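Below you'll find the structure, written out as structure tokens, and then a few comments.
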Amino acid sequence: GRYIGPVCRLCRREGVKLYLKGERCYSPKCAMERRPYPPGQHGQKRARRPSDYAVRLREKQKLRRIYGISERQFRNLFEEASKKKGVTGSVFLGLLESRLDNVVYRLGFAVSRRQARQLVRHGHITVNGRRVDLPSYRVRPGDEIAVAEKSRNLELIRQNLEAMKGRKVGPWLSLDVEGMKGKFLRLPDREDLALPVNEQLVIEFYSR
Amino acid sequence: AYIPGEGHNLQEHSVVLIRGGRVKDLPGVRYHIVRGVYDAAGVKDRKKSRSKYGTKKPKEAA
Amino acid sequence: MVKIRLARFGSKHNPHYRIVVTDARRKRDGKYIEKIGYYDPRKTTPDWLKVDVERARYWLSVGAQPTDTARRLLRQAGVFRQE
Amino acid sequence: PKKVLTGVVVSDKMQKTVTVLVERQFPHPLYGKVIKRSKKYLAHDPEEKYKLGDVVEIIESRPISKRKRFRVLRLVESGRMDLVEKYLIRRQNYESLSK
Amino acid sequence: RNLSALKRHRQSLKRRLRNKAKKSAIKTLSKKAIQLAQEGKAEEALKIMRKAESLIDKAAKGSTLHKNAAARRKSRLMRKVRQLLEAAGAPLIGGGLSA
RNA sequence: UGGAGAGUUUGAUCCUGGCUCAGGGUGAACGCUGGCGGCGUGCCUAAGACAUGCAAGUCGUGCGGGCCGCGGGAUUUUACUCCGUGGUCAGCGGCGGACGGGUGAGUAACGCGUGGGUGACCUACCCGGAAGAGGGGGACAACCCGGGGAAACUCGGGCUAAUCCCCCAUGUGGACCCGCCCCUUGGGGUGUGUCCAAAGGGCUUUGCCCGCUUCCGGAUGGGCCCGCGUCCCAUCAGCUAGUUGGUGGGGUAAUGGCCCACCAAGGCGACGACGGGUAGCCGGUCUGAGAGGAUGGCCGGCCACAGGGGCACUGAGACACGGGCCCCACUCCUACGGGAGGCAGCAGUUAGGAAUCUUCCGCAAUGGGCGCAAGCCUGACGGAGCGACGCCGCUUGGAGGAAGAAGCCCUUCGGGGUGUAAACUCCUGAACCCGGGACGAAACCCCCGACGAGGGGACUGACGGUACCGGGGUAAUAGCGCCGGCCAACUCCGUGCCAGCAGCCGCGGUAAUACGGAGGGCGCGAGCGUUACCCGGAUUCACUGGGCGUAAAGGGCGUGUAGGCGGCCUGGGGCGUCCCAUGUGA
Ligand SMILES: NC[C@@H]1O[C@H](O[C@H]2[C@@H](O)[C@H](O[C@@H]3[C@@H](O)[C@H](N)C[C@H](N)[C@H]3O[C@H]3O[C@H](CO)[C@@H](O)[C@H](O)[C@H]3N)O[C@@H]2CO)[C@H](N)[C@@H](O)[C@@H]1O
Ligand SMILES: NC[C@@H]1O[C@H](O[C@H]2[C@@H](O)[C@H](O[C@@H]3[C@@H](O)[C@H](N)C[C@H](N)[C@H]3O[C@H]3O[C@H](CO)[C@@H](O)[C@H](O)[C@H]3N)O[C@@H]2CO)[C@H](N)[C@@H](O)[C@@H]1O
Ligand SMILES: NC[C@@H]1O[C@H](O[C@H]2[C@@H](O)[C@H](O[C@@H]3[C@@H](O)[C@H](N)C[C@H](N)[C@H]3O[C@H]3O[C@H](CO)[C@@H](O)[C@H](O)[C@H]3N)O[C@@H]2CO)[C@H](N)[C@@H](O)[C@@H]1O
Ligand SMILES: [Mg+2]
Ligand SMILES: [Mg+2]
Ligand SMILES: [Mg+2]
Ligand SMILES: [Mg+2]
Ligand SMILES: [Mg+2]
Ligand SMILES: [Mg+2]
Ligand SMILES: [Mg+2]
Ligand SMILES: [Mg+2]
Ligand SMILES: [Mg+2]
Ligand SMILES: [Mg+2]
Ligand SMILES: [Mg+2]
Ligand SMILES: [Mg+2]
Ligand SMILES: [Mg+2]
Ligand SMILES: [Mg+2]
Ligand SMILES: [Mg+2]
Ligand SMILES: [Mg+2]
Ligand SMILES: [Mg+2]
Ligand SMILES: [Mg+2]
Ligand SMILES: [Mg+2]
Ligand SMILES: [Mg+2]
Ligand SMILES: [Mg+2]
Ligand SMILES: [Mg+2]
Ligand SMILES: [Mg+2]
Ligand SMILES: [Mg+2]
Ligand SMILES: [Mg+2]
Ligand SMILES: [Mg+2]
Ligand SMILES: [Mg+2]
Ligand SMILES: [Mg+2]
Ligand SMILES: [Mg+2]
Ligand SMILES: [Mg+2]
Ligand SMILES: [Mg+2]
Ligand SMILES: [Mg+2]
Ligand SMILES: [Mg+2]
Ligand SMILES: [Mg+2]
Ligand SMILES: [Mg+2]
Ligand SMILES: [Mg+2]
Ligand SMILES: [Mg+2]
Ligand SMILES: [Mg+2]
Ligand SMILES: [Mg+2]
Ligand SMILES: [Mg+2]
Ligand SMILES: [Mg+2]
Ligand SMILES: [Mg+2]
Ligand SMILES: [Mg+2]
Ligand SMILES: [Mg+2]
């Protein structure tokens, strides 16, 4: 099963602020606004010039840890993107962003990918009316991602759909906020996302 | 064959599994005994790399 | 004696046959002579049976006994329906 | 098509049979260089008509003896005792490879 | 331990026996015919040949001799007879041979 | 849409060069650990030996009986005997047992692959087309009577039916010899002569249903032959006497030295014969930028085998896994004379081994055999069981939550770490409980129509009370490896060339990031490591793509055989080469 364990703790280590808690990893602390250095006894000591490997490792750990996905599943996605037509960097990100668990979070229904995961798992989500409890499910374009009518009354869905009052959603998505349902209009270009990650390093990491 | 580990329990009729893995400082020693199998008991008091040495999980803080 | 019969493809709890012409003597899932159609008994998809009837007609024309159920599928695709 | 080959009669010692040496050439599968290779065929000559030196065609045939599966289709041109020399020398070299 | 279609065994032995005899007849009569033709023989060489032809075509009706094993035997036989006859005089009682 | 390199020879350097590692793979095994599901997969060894059950039969619409019953008659004397009908048993006869299932022992071979050839052939069942079935006769089991053997079985005698066997006829046709045409390997046609057919059964009974005969055609499946391809050793160089060819026979469905008589003296070999080694081949699989290398396990295709060696019978088809004969070895029975057996079918047991499953459910589906049909058989098969053995999917929570509890660890004594991690607050609700509940199954069959087309009708589920849907509902598993460099991850203690680590370089001799433990960290996660094996890196057998002055490597030098290679101009052929179209590449 997916990671399960301390989080705004690679918010640390990986240098950059990763958004794995959503509400707090967002507000005087991803723990990161207090301690911007690696975890552990050595965290605050002159970091050593990183090896080409270290670098490429880190960048891929970053990207992976962001989406909360496991190495085996991440890897197969990468290999899938590699076979496919077109810039194999973006494509991967295309696929990574097509995971229902993510879309749901991109759509505001959840505040975290991790929390989005639980929503999808416990039946609270529905693709094209039919419901779907697989975090890995590939959302294709055209697909309507609703919330489960039965699940609507829940405090949690309410808050998140209410705090989406004002909010704006990525160019590849749309969102009827009242009907608690969004849409997947097309797959995101690299430019559509602002990820702290140079995928050129990731492709590179999977080359040896 | 080499008997790896902290210390052992092997005597003259012992019956053991061999695995291959030379020792290099000992000439003509091209195999290791596998600990935890047949009459080679696994290494007691081993907290770390326990699965080589073949010693089950200890149970005080676990 | 050559036969129009079904050959099992698909998978466990997922039957999908091939209407196929083959020698009687051949193992059920082995080399056949011609696939002349396919049939999905659980109609999971709108197109669950198809048969090249020109070809069926040909094989009957050369003396090929269908399975009873091979011919039910053939009947249905108007293999013997006439005039 | 019954296979038709062409080569050179290099023996008529047998009754109603000729031996025919037949060259075939082709790229080497790895090294690409075109290489020659050859093989003798025993061919049926019911009228002991063909003799040493003749270029004949040879045609795939219903069996006539053990290892006789070809008949002599036609003469292509006579003479070629040069090619027969080629074969005969290659043959006597063999005795100079023993112990 | 008692597989009841070792009935097939029983049958085989009876059919064997039946074929075995049919063939012995064909042999001894053919031999008889060719033998007669050695001494240039009127009716009787053919008369016998004629019987034997029947006995063959007959055997081929069933499993005995099926086919053209039949045709083969007739062929070998009424060739042999006609040849051995023309060593010596005319094909008298016209019997079984095309004029 | 495809190509990463590093460590290690020195005081240092460049080059050569080996070794080692990082990557992918697995029918695995071993260690530690282990929650769920779906789909796959599972004796690599002893082609060892096997208890027990099950695995090929079916047809009464081919035939005649026996045995156990019941009913009605000829009979009014109870003896004899006719008919009908219910079980049941085998026998005769047919069709099936040559497929389906198993295995890889042998095989380096037209075995296999691929493309051709058959004027050199066969093909039961099936489909099309043409024509027939008219007399007559016979036997053998069943059953009855006797004999031998301990049993396995077996000998003798007597009756009997058929779709069993035979004779005569009819000959649409076909076969053979001779001849003649056409055609060209034995392909068509034709003329005398000769020779060859058949079986009956059922009826809701004068007209249908199942069959039978001969012939031609199709379809399927096969046999034979040929070109090319198919591993290692030349420290195997010469091999051959059915050998090589011929004439004539035999044998086959058919070609052929396949076999035999006789004749000739031939055949093969460095382009590797002969010999030895090893191996089922292939479609594929793994690897690799590719070229290539390795491989042939699952699934499909072909071969070969059925305790070891031979052999033939029957048959369309076998030289026949669950048929027969003989020899050999092993096990069991034995009244010592004689017998019985063959899981490389499904399970299963035992032995070997590091290691590989249930003596399960079901014929409901698909397929197969026999049957007019109903059906019967089917360990083929469809399912379930067991093993993280593999692949994929999912869980062990989610959001808040301190300048930050305790414990444990560092510390320059100020402070730092584990760490939002926990505790705690809301929120969801794997497991588990309640309810509904499958698809897979429409045919065979019956009725209308005509037994055809078409229409109507009824039955049928092993998996399974499973999947899936609905209601309720508990915060509810984490491990393994690594942290000197290659390589991502550092400190305190312990230890003192010991105990130990170790893939290679090398660590350990009192301050060890290398040993053991702790804290902390890195990496993967129901797994993680180990060992073993293949490809990779290895351009380290170099075709792509290497080298030989001193690193390994120019033969001591010549002569010259086979072979390889070949100046300039013109013409012909078009074998290589290039192009188009087409068949094939399941
Ligand atoms: N009994 C265990 C072993 O069986 C072995 O023999 C085995 C083999 O002969 C054969 O097993 C085959 C195997 O050959 C071949 N590679 C195919 C498959 N792997 C196995 O399959 C066999 O066993 C599996 C279960 O293990 C069965 O499911 C399968 O149906 C059966 N054929 O059948 C036997 C097991 O069925 C050895 N005799 C011996 O080591 C020991 O008997
Ligand atoms: N028409 C040609 C074919 O000949 C083959 O047989 C030939 C080949 O098997 C063999 O010759 C080949 C040779 O051509 C090729 N250039 C070299 C190859 N090593 C040889 O192979 C030979 O040796 C190898 C290795 O020892 C073995 O497999 C076997 O004994 C033999 N095939 O000997 C025969 C003549 O070369 C096929 N088996 C057969 O299918 C077909 O007749
Ligand atoms: N090694 C030196 C000598 O090589 C000589 O022969 C070789 C040399 O004359 C010459 O090889 C040349 C080399 O001279 C010069 N240094 C340049 C060139 N790279 C080489 O060339 C060779 O190698 C390249 C690949 O590297 C190939 O592509 C090429 O076809 C091949 N000729 O061509 C021959 C190819 O090997 C002689 N064998 C002997 O004197 C000695 O071995
Ligand atoms: Mg820190
Ligand atoms: Mg029978
Ligand atoms: Mg040196
Ligand atoms: Mg040094
Ligand atoms: Mg090196
Ligand atoms: Mg399973
Ligand atoms: Mg009976
Ligand atoms: Mg088989
Ligand atoms: Mg099987
Ligand atoms: Mg050999
Ligand atoms: Mg044919
Ligand atoms: Mg009669
Ligand atoms: Mg008698
Ligand atoms: Mg008859
Ligand atoms: Mg006529
Ligand atoms: Mg007659
Ligand atoms: Mg002959
Ligand atoms: Mg072998
Ligand atoms: Mg390479
Ligand atoms: Mg191979
Ligand atoms: Mg045998
Ligand atoms: Mg026969
Ligand atoms: Mg055989
Ligand atoms: Mg058996
Ligand atoms: Mg054991
Ligand atoms: Mg069935
Ligand atoms: Mg059936
Ligand atoms: Mg939390
Ligand atoms: Mg609740
Ligand atoms: Mg490092
Ligand atoms: Mg260690
Ligand atoms: Mg110390
Ligand atoms: Mg270390
Ligand atoms: Mg340590
Ligand atoms: Mg998983
Ligand atoms: Mg290489
Ligand atoms: Mg080169
Ligand atoms: Mg070199
Ligand atoms: Mg030198
Ligand atoms: Mg010199
Ligand atoms: Mg010279
Ligand atoms: Mg020369
Ligand atoms: Mg030139
Ligand atoms: Mg050309």
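Identifiers for the structure tokens are assigned positionally: chains receive A, B, ... in sequence, residues are indexed from 1 per chain, and ligands are indexed from 1 in the order shown.
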- Task: Hey, list the chain C side of the contact with chain F: 8 Å cut-off, only C-alpha atoms (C1' of nucleotides), answer as a VMD selection string.
- Result: chain C and resid 1 to 2 6 to 8 13 15 23 to 28 30 to 31 41 to 42 60 to 65 68 to 69 72 80 to 82
- Test item: residues at most 8 Å from residue 53 of chain C, only C-alpha atoms (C1' of nucleotides), excluding those fewer than 2 positions along its chain, as a VMD selection string: chain C and resid 36 51 55 to 57 74 77 to 79
Put those residues in a file: C-alpha atoms, as an mmCIF file, in the first residue's frame.
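Okay, this is what ended up in part21.cif:
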```cif
data_model
loop_
_atom_site.group_PDB
_atom_site.id
_atom_site.type_symbol
_atom_site.label_atom_id
_atom_site.label_comp_id
_atom_site.auth_asym_id
_atom_site.auth_seq_id
_atom_site.Cartn_x
_atom_site.Cartn_y
_atom_site.Cartn_z
ATOM 1 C CA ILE C 36 -15.881 -17.717 -39.971
ATOM 2 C CA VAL C 51 -20.789 -14.805 -39.116
ATOM 3 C CA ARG C 55 -18.289 -18.540 -46.041
ATOM 4 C CA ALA C 56 -20.587 -20.546 -43.832
ATOM 5 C CA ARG C 57 -22.682 -21.236 -46.932
ATOM 6 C CA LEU C 74 -25.575 -19.832 -37.785
ATOM 7 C CA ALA C 77 -27.328 -14.995 -38.711
ATOM 8 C CA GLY C 78 -29.772 -16.205 -41.392
ATOM 9 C CA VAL C 79 -27.373 -18.817 -42.688
#
```
- Have a look at B:8, B:30, B:13, B:35 and name the one nearest to chain F; count only C-alpha atoms (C1' of nucleotides).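 That would be B:35, the residue with the smallest distance to chain F.
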- Message: For a quick check of understanding, using only C-alpha atoms and all ligand atoms, which of D:52, D:96, D:61, D:31 has the smallest distance to ligand 40?
- Response: D:31
What residues of the protein or nucleic acid chains come within 10 Å of ligand 43 when you use only C-alpha atoms (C1' of nucleotides) and all ligand atoms? Reply as a PDB file with C-alpha atoms (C1' of nucleotides), in the first residue's frame.
```pdb
ATOM      1  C1'   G F 554      53.562 -11.795 -38.567  1.00  0.00           C
ATOM      2  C1'   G F 555      54.216 -18.382 -39.982  1.00  0.00           C
ATOM      3  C1'   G F 556      62.208 -18.991 -40.002  1.00  0.00           C
ATOM      4  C1'   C F 557      62.195 -18.334 -45.691  1.00  0.00           C
TER       5        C F 557
END
```
- Message: Please report the interatomic distance between atom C1' of residue 376 of chain F and atom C1' of residue 89 of chain F in Å with one decimal.
- Response: 18.1 Å
Please give me, as a PDB file with N, CA and C atoms (P, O5', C5', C4', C3', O3' and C1' of nucleotides), in the first residue's frame, the residues lying within 12 Å of ligand 26 when counting only C-alpha atoms (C1' of nucleotides) and all ligand atoms.
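File written: pocket-v5.pdb
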```
ATOM      1  P     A F  98      -7.024 -45.764 -29.397  1.00  0.00           P
ATOM      2  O5'   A F  98      -6.714 -45.685 -30.949  1.00  0.00           O
ATOM      3  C5'   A F  98      -6.925 -44.467 -31.630  1.00  0.00           C
ATOM      4  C4'   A F  98      -5.651 -44.065 -32.312  1.00  0.00           C
ATOM      5  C3'   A F  98      -5.780 -42.824 -33.194  1.00  0.00           C
ATOM      6  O3'   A F  98      -4.521 -42.210 -33.348  1.00  0.00           O
ATOM      7  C1'   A F  98      -5.298 -44.657 -34.546  1.00  0.00           C
ATOM      8  P     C F 303       3.316 -35.478 -36.863  1.00  0.00           P
ATOM      9  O5'   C F 303       4.770 -35.703 -36.250  1.00  0.00           O
ATOM     10  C5'   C F 303       5.749 -36.341 -37.082  1.00  0.00           C
ATOM     11  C4'   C F 303       7.096 -36.341 -36.429  1.00  0.00           C
ATOM     12  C3'   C F 303       7.323 -37.450 -35.419  1.00  0.00           C
ATOM     13  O3'   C F 303       7.647 -38.652 -36.103  1.00  0.00           O
ATOM     14  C1'   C F 303       8.067 -35.430 -34.510  1.00  0.00           C
ATOM     15  P     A F 304       6.946 -40.056 -35.713  1.00  0.00           P
ATOM     16  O5'   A F 304       7.795 -40.535 -34.457  1.00  0.00           O
ATOM     17  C5'   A F 304       9.212 -40.703 -34.543  1.00  0.00           C
ATOM     18  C4'   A F 304       9.745 -40.573 -33.160  1.00  0.00           C
ATOM     19  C3'   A F 304       9.063 -41.497 -32.170  1.00  0.00           C
ATOM     20  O3'   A F 304       9.493 -42.834 -32.385  1.00  0.00           O
ATOM     21  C1'   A F 304       9.143 -39.355 -31.254  1.00  0.00           C
ATOM     22  P     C F 305       8.487 -44.050 -32.081  1.00  0.00           P
ATOM     23  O5'   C F 305       8.393 -44.013 -30.488  1.00  0.00           O
ATOM     24  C5'   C F 305       9.537 -44.329 -29.699  1.00  0.00           C
ATOM     25  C4'   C F 305       9.244 -44.036 -28.258  1.00  0.00           C
ATOM     26  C3'   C F 305       8.106 -44.804 -27.605  1.00  0.00           C
ATOM     27  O3'   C F 305       8.481 -46.134 -27.215  1.00  0.00           O
ATOM     28  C1'   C F 305       7.948 -42.516 -27.049  1.00  0.00           C
ATOM     29  P     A F 306       7.382 -47.298 -27.169  1.00  0.00           P
ATOM     30  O5'   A F 306       6.514 -46.888 -25.900  1.00  0.00           O
ATOM     31  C5'   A F 306       7.213 -46.805 -24.659  1.00  0.00           C
ATOM     32  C4'   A F 306       6.280 -46.582 -23.504  1.00  0.00           C
ATOM     33  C3'   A F 306       5.236 -47.673 -23.298  1.00  0.00           C
ATOM     34  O3'   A F 306       4.902 -47.730 -21.911  1.00  0.00           O
ATOM     35  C1'   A F 306       4.158 -45.653 -23.751  1.00  0.00           C
ATOM     36  P     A F 318      -1.557 -47.400 -41.111  1.00  0.00           P
ATOM     37  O5'   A F 318      -1.287 -47.702 -39.563  1.00  0.00           O
ATOM     38  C5'   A F 318      -1.326 -46.623 -38.608  1.00  0.00           C
ATOM     39  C4'   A F 318      -0.959 -47.053 -37.198  1.00  0.00           C
ATOM     40  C3'   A F 318       0.097 -48.154 -37.036  1.00  0.00           C
ATOM     41  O3'   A F 318       1.101 -47.900 -36.036  1.00  0.00           O
ATOM     42  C1'   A F 318      -1.840 -48.694 -35.798  1.00  0.00           C
ATOM     43  P     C F 319       2.223 -46.751 -36.240  1.00  0.00           P
ATOM     44  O5'   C F 319       3.636 -47.448 -36.006  1.00  0.00           O
ATOM     45  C5'   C F 319       3.928 -48.771 -36.438  1.00  0.00           C
ATOM     46  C4'   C F 319       3.275 -49.755 -35.502  1.00  0.00           C
ATOM     47  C3'   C F 319       4.210 -50.666 -34.708  1.00  0.00           C
ATOM     48  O3'   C F 319       3.734 -51.249 -33.483  1.00  0.00           O
ATOM     49  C1'   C F 319       2.924 -51.950 -36.185  1.00  0.00           C
ATOM     50  P     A F 320       3.394 -50.361 -32.182  1.00  0.00           P
ATOM     51  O5'   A F 320       1.934 -49.835 -32.519  1.00  0.00           O
ATOM     52  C5'   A F 320       1.622 -48.449 -32.394  1.00  0.00           C
ATOM     53  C4'   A F 320       0.279 -48.297 -31.751  1.00  0.00           C
ATOM     54  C3'   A F 320       0.181 -48.857 -30.331  1.00  0.00           C
ATOM     55  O3'   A F 320      -0.331 -47.896 -29.443  1.00  0.00           O
ATOM     56  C1'   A F 320      -1.657 -49.550 -31.677  1.00  0.00           C
ATOM     57  P     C F 321       0.370 -46.494 -29.261  1.00  0.00           P
ATOM     58  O5'   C F 321       0.594 -46.447 -27.701  1.00  0.00           O
ATOM     59  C5'   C F 321      -0.494 -46.917 -26.944  1.00  0.00           C
ATOM     60  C4'   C F 321      -0.043 -47.158 -25.557  1.00  0.00           C
ATOM     61  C3'   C F 321      -1.152 -47.671 -24.669  1.00  0.00           C
ATOM     62  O3'   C F 321      -1.247 -49.076 -24.861  1.00  0.00           O
ATOM     63  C1'   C F 321      -0.198 -45.772 -23.691  1.00  0.00           C
TER      64        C F 321
END
```
- Note on the structure: In Å and to one decimal, atom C1' of residue 61 of chain F is distant from atom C1' of residue 164 of chain F by 19.0 Å
- Query: Please, which residues have at least one atom within 10 Å of an atom of ligand 45, using only C-alpha atoms (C1' of nucleotides) and all ligand atoms, listed as a list in words?
  - Reply: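 After applying the 10 Å limit, what remains is residues 560, 561, 562, 563, 564 and 565 of chain F.
We find atom CA of residue 17 of chain C and atom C1' of residue 384 of chain F to be spaced 22.7 Å apart.
If you count only C-alpha atoms (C1' of nucleotides) and ignore residues fewer than 3 places along the chain from segment 20-28 of chain E, what sits within 10 Å of it is residues 14, 15, 16, 17, 31, 32, 33, 51, 52, 53, 54, 55, 56, 58, 59, 64, 65 and 73 of chain E.
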List every residue of chain F that has an atom at most 10 Å from any atom of chain A, and for each one report the closest atom pair and its distance in Å to one decimal, counting only C-alpha atoms (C1' of nucleotides), with rows sorted by chain and then by increasing residue number, as a Markdown table.
```
| residue | atom | partner | partner_atom | distance |
| --- | --- | --- | --- | --- |
| F:1 | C1' | A:85 | CA | 8.6 |
| F:4 | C1' | A:208 | CA | 6.4 |
| F:5 | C1' | A:208 | CA | 8.7 |
| F:22 | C1' | A:208 | CA | 8.5 |
| F:23 | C1' | A:208 | CA | 6.7 |
| F:393 | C1' | A:134 | CA | 8.4 |
| F:394 | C1' | A:1 | CA | 7.6 |
| F:395 | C1' | A:1 | CA | 6.7 |
| F:396 | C1' | A:1 | CA | 8.1 |
| F:397 | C1' | A:118 | CA | 7.9 |
| F:398 | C1' | A:115 | CA | 5.2 |
| F:399 | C1' | A:115 | CA | 7.8 |
| F:400 | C1' | A:24 | CA | 8.3 |
| F:403 | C1' | A:34 | CA | 8.6 |
| F:409 | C1' | A:41 | CA | 9.0 |
| F:410 | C1' | A:41 | CA | 7.5 |
| F:416 | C1' | A:41 | CA | 7.3 |
| F:417 | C1' | A:41 | CA | 4.6 |
| F:418 | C1' | A:40 | CA | 7.0 |
| F:419 | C1' | A:9 | CA | 8.4 |
| F:420 | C1' | A:6 | CA | 7.6 |
| F:421 | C1' | A:6 | CA | 6.1 |
| F:426 | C1' | A:155 | CA | 9.9 |
| F:427 | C1' | A:156 | CA | 6.7 |
| F:428 | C1' | A:122 | CA | 7.4 |
| F:429 | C1' | A:122 | CA | 7.5 |
| F:430 | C1' | A:122 | CA | 9.5 |
| F:487 | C1' | A:53 | CA | 8.7 |
| F:488 | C1' | A:54 | CA | 6.1 |
| F:490 | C1' | A:42 | CA | 7.5 |
| F:491 | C1' | A:41 | CA | 8.0 |
| F:519 | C1' | A:41 | CA | 9.0 |
| F:520 | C1' | A:40 | CA | 5.7 |
| F:521 | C1' | A:40 | CA | 6.7 |
| F:524 | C1' | A:71 | CA | 7.7 |
| F:525 | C1' | A:1 | CA | 7.4 |
| F:526 | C1' | A:1 | CA | 8.5 |
```
- Task: Within 7 Å of ligand 2, which residues show up when you count only C-alpha atoms (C1' of nucleotides) and all ligand atoms? List them as a list in words, please.
- Result: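 Written in the requested form, the residues are residues 108, 109, 110, 227, 228, 230, 231 and 271 of chain F.
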- Note on the structure: Using only C-alpha atoms (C1' of nucleotides), the residue out of F:161, F:354, F:492, F:343 with shortest distance to chain B is F:354
- Could you write out, as a list in words, all the residues of segment 123-159 of chain A that DSSP marks as alpha helix (DSSP H)?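 Output for segment 123-159 of chain A, alpha helix (DSSP H) only: residues 155, 156, 157, 158 and 159 of chain A.
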Each residue of chain F lying at most 8 Å from ligand 21 should get a row with its shortest atom-to-atom pair and the distance in Å to one decimal, counting only C-alpha atoms (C1' of nucleotides) and all ligand atoms; could you produce that, ordered by chain and increasing number, as a Markdown table?
```
| residue | atom | partner | partner_atom_place_in_ligand_line | distance |
| --- | --- | --- | --- | --- |
| F:104 | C1' | ligand 21 | 1 (Mg) | 6.7 |
| F:105 | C1' | ligand 21 | 1 (Mg) | 6.5 |
| F:106 | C1' | ligand 21 | 1 (Mg) | 6.6 |
| F:279 | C1' | ligand 21 | 1 (Mg) | 5.7 |
| F:280 | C1' | ligand 21 | 1 (Mg) | 6.8 |
```
